[PDB]
Amino acid sequence: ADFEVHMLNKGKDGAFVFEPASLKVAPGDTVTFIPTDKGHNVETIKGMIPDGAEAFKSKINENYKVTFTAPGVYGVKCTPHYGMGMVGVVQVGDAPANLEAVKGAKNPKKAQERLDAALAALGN
Ligand SMILES: [Cu+2]
């Protein structure tokens, strides 16, 4: 199954957001990260990927398709806007094994508040 996540100058929770900020997909599904507005990318947050996952970083303005082969929860950021809160989480599969590591990982305040709301929305 194929999903999209958008990089936006403005959205639900204010400036510099991914939408949806919280998504559940199955292992093997794809997410295309679509910069609706100019100036965004996607990159995994160091410490917020599961066992055997590869880190990734797209170029600015790239429509970037990821096939999520390793199950678990992923924290993602936009590289320039991370510190302004531009984050998302992708849960790949059921009962993610790294849920504690992701809840506990250290992030700038604005990113942590948005990560916590995205994690809460997953309802683990
Ligand atoms: Cu951005």
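Residues numbered from 1 in each chain as written, not as in the entry; some residues may be left out. Heavy atoms only, no water.

The deposited coordinates, according to the entry record, derive from X-ray crystallography at 1.4000 Å resolution.

Engineer: Would you explain the coordination of the copper ion in this entry?
Structural biologist: Note on metal sites: the ideal angle is 109.5 degrees for four tetrahedral donors, and 90 or 180 degrees for six octahedral donors. All of the protein donors around the copper ion are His 40 (ND1), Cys 78 (SG), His 81 (ND1) and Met 86 (SD); their distances to the metal are 2.0 to 2.7 Å. The coordination sphere of the copper ion comprises four donor atoms, whose angles at the metal cover 89 to 134°; the geometry is tetrahedral. We note that the donor set of the copper ion lies within a single chain, spaced as H-x37-C-x2-H-x4-M. (Donors = N, O, S within 2.8 Å, 3.2 Å for Na, K, Ca; no water. Tetrahedral: all angles 85-135°; square planar, octahedral: opposite > 155°, others 65-115°.)

Engineer: What am I meant to see in the packing of aromatic side chains here?
Structural biologist: One pair of aromatic rings is described through two measures. These are the centre distance and the angle between the planes. All chains considered together, the criterion is met by five aromatic pairs. Between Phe 56 and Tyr 64, the ring centres sit 5.9 Å apart and the planes meet at 40°, which makes this aromatic pair tilted. Residue class for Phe 56 comes out buried when judged on its relative accessible area of 11%. Members of the aromatic cluster, joined through ring pairs, are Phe 18, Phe 33, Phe 56, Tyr 64, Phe 68 and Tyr 74. (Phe/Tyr/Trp six-rings, centres within 6.5 Å; stacked < 30°, edge-to-face > 60°. Buried < 20%, exposed > 50% of the residue type's maximum accessible area, 1.4 Å probe, protein only.)

Engineer: I'm lost on the environment of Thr 67 in this one. Help?
Structural biologist: Tracing the sequence through the fold places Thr 67 in strand 6 (residues 64–67). In this structure the C-alpha to C-alpha distance between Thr 67 and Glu 113, which are 46 residues apart in sequence, comes to 27 Å. Excluding residues that lie within four positions of it along the chain, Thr 67 makes contacts with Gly 28, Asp 29 and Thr 30. (Helix = DSSP H or I, 4+ residues; strand = E, 2+ residues; numbered from the N terminus. Contact = heavy atoms within 4.5 Å.)

Engineer: Help me out: how do you make sense of the UniProt feature "binding site: Cu cation" in the protein chain in this one?
Structural biologist: When the UniProt feature table is mapped onto this chain, "binding site: Cu cation" is found at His 40, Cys 78, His 81 and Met 86. Taken together, the annotated residues stretch across 47 residues yet fold into one region, lying no more than 9.3 Å apart by C-alpha. Mapped onto the elements of the fold, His 40 is located in the loop between strand 4 (30–35) and strand 5 (43–44). Residues contacting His 40, with those up to four places away along its chain left out, are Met 7, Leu 8, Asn 9, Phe 16, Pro 35, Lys 59, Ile 60, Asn 61, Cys 78, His 81 and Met 86. Residue placement: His 81 occurs in the loop between strand 7 (72–77) and strand 8 (87–92). Owing to a relative accessible area of 13%, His 81 belongs among the buried residues under this scheme. Excluding anything up to four places from it in sequence, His 81 contacts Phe 16, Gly 39, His 40 and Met 86. (UniProt positions renumbered as here; feature names shortened; annotations may be inferred.)

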